[PDB]
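Novice: No sequence on hand, only this structure:
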């Protein structure tokens, strides 16, 4: 199923514990749509930052 994608990664830093979730997406606007859906579905409200060099979204709280 069409392989023209990057791997994107979500990092959620809590109290000394870190959860990450990494997934393929067509672009960063798309991976942010998936991740923000996942976050909300799990009890995660927080401050987000994206780093294009590593295709990583980082959420703290």
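Specialist: Done, it's in. Residues are numbered from 1 along each chain as shown.

Novice: those strands in this structure, which residues are they?
Specialist: 6-13, 18-25, 47-51, 56-60 (DSSP state E).

Novice: Quick check, central residue of the protein?
Specialist: The structure's the chain has its C-alpha centroid closest to residue 10; by C-alpha atoms, centre = their mean the separation is 2.5 Å.

Novice: how about the strands of the chain in CSV, adding distance to residue 38?
Specialist: Every residue, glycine included, has its C-beta placed from N, CA and C. CSV is the format used below for the strands of the chain (distance: least, C-beta to C-beta, whole Å):
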stretch, distance to residue 38
strand 6-13, 7
strand 18-25, 7
strand 47-51, 12
strand 56-60, 10
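
Novice: Could you point out which of the ones you listed sits nearest residue 41?
Specialist: strand 18-25 (11.6 Å; C-beta to C-beta).

Novice: Quick one: distance of the closest one to the chain centre.
Specialist: Computed by C-alpha atoms, centre = their mean, to the nearest Å, the chain-centroid distance of strand 18-25 equals 6 Å.

Novice: Given that strand, what are its sheet partners and their directions?
Specialist: strand 6-13 (antiparallel) (DSSP bridges).

Novice: Run through the bridge partners of the residue nearest to the centre of the chain.
Specialist: With DSSP bridges as the rule, residue 10 is bridged to residue 21, residue 57.

Novice: Might one say that it is in contact with residue 25?
Specialist: No. If you go by C-beta atoms under 8 Å, residue 10 and residue 25 don't touch, sitting 10.8 Å apart.

Novice: Can you pull the residues that touch both of those two?
Specialist: Common neighbours of residue 10 and residue 25, using C-beta atoms under 8 Å, 6 or more residues apart in numbering, are residue 31.
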